[PDB]
Amino acid sequence: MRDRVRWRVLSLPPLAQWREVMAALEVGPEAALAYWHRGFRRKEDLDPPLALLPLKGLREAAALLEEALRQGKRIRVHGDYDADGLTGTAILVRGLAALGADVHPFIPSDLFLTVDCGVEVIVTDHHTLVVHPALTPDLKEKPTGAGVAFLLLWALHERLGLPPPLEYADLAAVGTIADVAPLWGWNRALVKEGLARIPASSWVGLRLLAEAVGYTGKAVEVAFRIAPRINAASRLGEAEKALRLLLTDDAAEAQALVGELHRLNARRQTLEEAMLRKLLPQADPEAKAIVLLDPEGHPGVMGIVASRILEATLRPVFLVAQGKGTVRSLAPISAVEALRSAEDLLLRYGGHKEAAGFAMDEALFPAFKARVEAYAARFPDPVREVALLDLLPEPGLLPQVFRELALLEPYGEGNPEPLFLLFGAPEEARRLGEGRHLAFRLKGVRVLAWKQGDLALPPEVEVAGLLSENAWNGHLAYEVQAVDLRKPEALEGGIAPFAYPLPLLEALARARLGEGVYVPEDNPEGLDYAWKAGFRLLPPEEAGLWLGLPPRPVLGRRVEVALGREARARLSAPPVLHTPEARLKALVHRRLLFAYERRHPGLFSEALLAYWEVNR
Ligand SMILES: [Mg+2]
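Along each chain, residues carry numbers from 1 upward in sequence order, and these need not match the entry's numbering; residues missing coordinates do not appear. Each side-chain value is worked out from all heavy atoms of the structure, with water and hydrogens disregarded.

Going by the header, the method for this PDB entry is X-ray crystallography, and the resolution given is 2.15 Å.

Readers searching the PDB will find this entry under the title "Crystal structure of RecJ in complex with Mg2+ from Thermus thermophilus HB8". UniProt positions are given in the numbering used here, feature names are shortened, and annotations may be inferred rather than shown by experiment. Per UniProt, the comment on the protein chain under Function is "Single-stranded-DNA-specific exonuclease acting in a 5' to 3' direction; has no detectable activity on ssRNA." Its UniProt record, at the heading Subunit, says of the protein chain: "Monomer. Intact protein binds ss- but not dsDNA."

Dropping the structure here:
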């Protein structure tokens, strides 16, 4: 739940590449760290070209459509399961109809088009003559059902000598985001184009749905506000309503339909909340699998209720309602393989590692339950990881860091917004209401958080948080919104350790006792003191104890390192002279000090290697 949550610090990249990214993208070290990890190296990686991908079958499919168009063949388009299928059919129906095709959607012909996976057929989609990326060996792009519908319309335009159908990219982007596909490469380019087109969409229904929810150009608004309204219509048996909203040019009719989608989404929300309220209190503890039955539950809402349970629980979840079954899983437990282990009991089933579906006679539920519970018992418990980009910079640099991270957008399945680590004794704490919600400060940075039952923060905390630009009264404030918060604990990261932090007091005691020790030529005061006290002074490559940092690398060592408390070595804590790669140095310094204070051998060792480099 929370005791199976591991925090890890992303590795430091090699300095020459870190520098290359900072230069080629014109950003400081923090943001460059993020870009390096997400594979962004040159300026054109931030803005990939939106191009016509060479998917297998794409050309034949477009040729077929050109024939259908010219010969006036009757085209029927199918795809209404969710936002991805609906936006994809809206693209093909509007697009082909704009070219003079006799096309119509099929909500349950000479050519049949099916979106999201005589009479010729084109199965033009993605999801698990078929046009599909996976058929294209070595193509590293993951377009969705709507993405492929868009590519197909584009392939046809190319054949017809027409320009790229960019006005359809907003519909395509909505389906892409809704499908939760990785937002990189072609998908990143498509989404950037489409998100930009929504405010003045050629499709009045989409523009109106977007305004209704307060759209401001963010992928996250599509994911949490737009797509759910569209999906609710379908989950509730009114997919035609959503499809029609995307096809009409009559603003009044669209306005009315937006009202309808709002009502369907409110219904979905109500049912979902009642199901979760009834189910969440059940069979959850430390069971290897949560398996619940809700005889009269609505099959249209159990999928989300299952994901919500899995999230509160960090366990695979299987729900059965009215003989239909849904599975959400994670970690090393495959959803569909768990169903496979109990397949003799099912009427039918299918799916993948994280989600699966089935049908089954509810009378077999107890048997189904023991079986899947046993399947899950064969595996280690699932664990959640929180990936930390780096230690948060000083307050004075937050605005610039924030503006530099901006280019990473759109955030999504592909590149989640980065999380920074903050550490310290909270101060100026102040509740907000009567529970969880509160605010406090760490090293002058204000952080907002929902304290997991307890309230009152330990004397020292660790925070994984999002750097936020909060506006109010026409003014901006750079703060941190905590996603996770805890008493300091195991922290993953760093390289194979060779340098082991030791408190200055302990180090000096051993040095006075005669332990072979190294004191750097710097801080002549420390050196003088050492000499002026009888320390057994040695060069770093031979002393197993250090009171400071050597100027150049000394590897194949395994040493204990102390800096001080008033030592000059510790004076790597002085504020710099910003802007240039002085900030790279500053990042390394803050890392060194942090890993030193936390006695973290791996991070300190890693940081020390970067330290030798940033000085070469
Ligand atoms: Mg899809």
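Now, onward.
## Regarding the nonpolar core
Remark: nonpolar core denotes a set of buried residues (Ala, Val, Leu, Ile, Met, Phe, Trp, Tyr, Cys) joined through side-chain atoms within 4.5 Å. Partly exposed residues are those whose accessible area sits between 20% and 50% of the maximum for their type, while under 20% is buried and over 50% is exposed, using a 1.4 Å probe and protein chains only. Counting residues in each nonpolar core, the largest one holds 89 residues, and the members touching the most others are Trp18, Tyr35, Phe440, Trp546 and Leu608. Here a helix means four or more residues in a row that DSSP labels H or I, a strand means two or more in a row labelled E, and each is numbered from the N terminus. With eight residues, the single largest contributor to this core is helix α18 (residues 582–597). Working rule for contacts: check all heavy atoms of both residues, and any pair within 4.5 Å makes them a contact. Among all residues touching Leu608, those that are not within four sequence positions of it are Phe498, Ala499, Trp546, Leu549 and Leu592. Membership of the second largest hydrophobic core comes to 70 residues, among which are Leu92, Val93, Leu111 and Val213.

## Some points on the UniProt feature "binding site: Mn(2+) 2" in the protein chain
As annotated in UniProt, the feature "binding site: Mn(2+) 2" corresponds to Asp84, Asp116, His126 and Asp179 in the numbering used here. Relative to the helices and strands, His126 is located in the loop between β5 (120–124) and β6 (130–131). What makes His126 buried here is its relative accessible area of 12%. Ignoring sequence-local partners within four residues, the contact set of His126 consists of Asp84, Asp116, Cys117, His132, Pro143, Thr144, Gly145 and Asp179. Any pair of N or O atoms that falls within 3.5 Å is considered a polar contact. Within protein, one atom must be able to donate a hydrogen and the other to accept it, and sequence-neighbouring residues count only if both atoms are side-chain atoms. Polar side-chain contacts of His126 include one of 3.4 Å to the side chain of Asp116.

## Quick look at the pattern of salt bridges
Think of a salt bridge as a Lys or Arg side-chain nitrogen and an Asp or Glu carboxyl oxygen that are within 4 Å of each other. Within the structure shown, the criterion is met by 43 salt bridges. In this structure, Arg19 engages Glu581 in a salt bridge whose closest nitrogen and oxygen atoms are separated by 2.8 Å. The exposure class assigned to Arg19 is partly exposed, which follows from its relative accessible area of 29%. A salt bridge links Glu260 to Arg263; its shortest N-O distance comes to 2.5 Å. With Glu260 and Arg263 both in helix α11 (residues 251–279) and three residues apart, the pair spans about one turn of that helix. The partly exposed category is assigned to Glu260, whose relative accessible area is 23%. Among the charged side chains, a salt-bridge network with shared partners connects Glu30, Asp390, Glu404, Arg583, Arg590, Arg591 and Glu606.

## Some details on the sheet that holds strand β22 (residues 536–537)
Following DSSP output, two strands are said to pair if at least two bridges run between them. What the five strands build is an open sheet, ordered β20-β24-β23-β21-β22; its pairing is parallel. Every interior strand has two partners, whereas the edge strands, β20 (499–501) and β22, have only one. Pairing of strand β23 (residues 545–546) with strand β24 (residues 559–561), which is carried by two bridges, proceeds in the parallel orientation. Note that in β24 the partner of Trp546 across the bridge is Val561. For helices, the fitted line uses only the C-alpha atoms of the stretch in contact; every axis is such a line through C-alpha atoms, and the angle between N-to-C directions lies from 0 to 180 degrees. Strands in contact with helix α19 (residues 601–613) are β20, β23 and β24; relative to β20, the strand with the most contacts, it is inclined by about 120 degrees.

## With respect to the packing of helix α4 (residues 83–98) against helix α10 (residues 239–247)
For the pair α4 and α10, the least separation of the axes is 9 Å and the interaxial angle reads 45 degrees. One way to sum up the angle between α4 and α10 is to call them oblique. α4 and α10 meet at a crossing whose hand is right-handed. In contact with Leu86, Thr87, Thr89, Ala90, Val93 and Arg94 of α4, α10 contributes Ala239, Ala242, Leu243, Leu246 and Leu247. The residue classification treats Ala, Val, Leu, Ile, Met, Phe, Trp, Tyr, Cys and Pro as nonpolar and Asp, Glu, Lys and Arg as charged. All others, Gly included, are polar. Residues of the contact of α4 with α10, tallied by class, amount to eight nonpolar, two polar and one charged. Angles are sorted into four bins: roughly parallel if under 35 degrees, roughly antiparallel if over 145, roughly perpendicular if 65 to 115, and oblique for all others. Crossings are sorted by hand: turned counterclockwise from the far helix by less than a right angle, the near helix makes the crossing left-handed, and turned clockwise it makes it right-handed.

## Considerations on the domain arrangement of the protein chain
We note that the domain assignment places domain 1 (1–46 + 382–493), domain 2 (47–265), domain 3 (266–381) and domain 4 (494–616) within the protein chain. Here the C-alpha centre of domain 4 lies 53 Å away from the C-alpha centre of domain 3. The domain boundaries here were taken from an automatic or database domain assignment.

## So, the side chain of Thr136
Inspection of the secondary structure puts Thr136 in the loop between β6 and α5 (145–159). Relative accessible area serves as the criterion here: at 14%, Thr136 is assigned to the buried category. A distance of 3.0 Å separates a polar side-chain atom of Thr136 from the backbone nitrogen of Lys56. Those residues in contact with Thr136 that lie beyond four places of it in its chain are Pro54, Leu55 and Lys56.

## Some details on the sheet that holds strand β17 (residues 445–450)
Spatially, the seven strands line up as an open sheet ordered β13-β14-β18-β19-β17-β16-β15, and their pairing is mixed. Edge positions in the open sheet fall to β13 (390–391) and β15 (427–431), since each of these has one partner strand only. One ladder, built from five bridges, connects strand β14 (residues 420–424) with strand β18 (residues 461–472); its direction is antiparallel. Bridge pairing in β18 links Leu421 to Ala464. Sheet strands touched by helix α15 (residues 398–405): β14, β17, β18 and β19 (475–486). Its angle to β18, the strand with the most contacts, is close to 85 degrees.

## Quick look at unusual backbone geometry
In this structure, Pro410 follows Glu409 across a cis peptide bond, with omega equal to 0 degrees. Following the sequence through the fold, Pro410 ends up in the loop between α15 and β14. Of note in this structure, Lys443 is not a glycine but carries a positive phi near 55 degrees. Mapped onto the elements, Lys443 comes out in the loop between β16 (437–442) and β17. Residue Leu455 is not a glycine yet carries a positive backbone phi of 60 degrees. According to the relative accessible area criterion, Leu455 is buried, its value standing at 19%.

## Quick word on the coordination of the magnesium ion
Donor atoms: N, O and S within 2.8 Å of the metal, or within 3.2 Å for Na, K and Ca. Because water is excluded, sites can look incomplete. Only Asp84 (OD), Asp116 (OD), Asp116 (OD), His126 (NE2), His127 (ND1) and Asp179 (OD) from the protein coordinate the magnesium ion, and they sit 2.3 to 2.6 Å from it. Tetrahedral means four donors with every angle between 85 and 135 degrees, whereas square planar (four donors) and octahedral (six donors) require angles over 155 degrees between opposite donors and between 65 and 115 for all others; sites fitting neither are termed irregular. One way to put it: the six donor atoms around the magnesium ion meet at angles of 51 to 154 degrees, and that makes the site irregular. Pair check on accessibility: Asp84 and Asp179 agree, each one buried.

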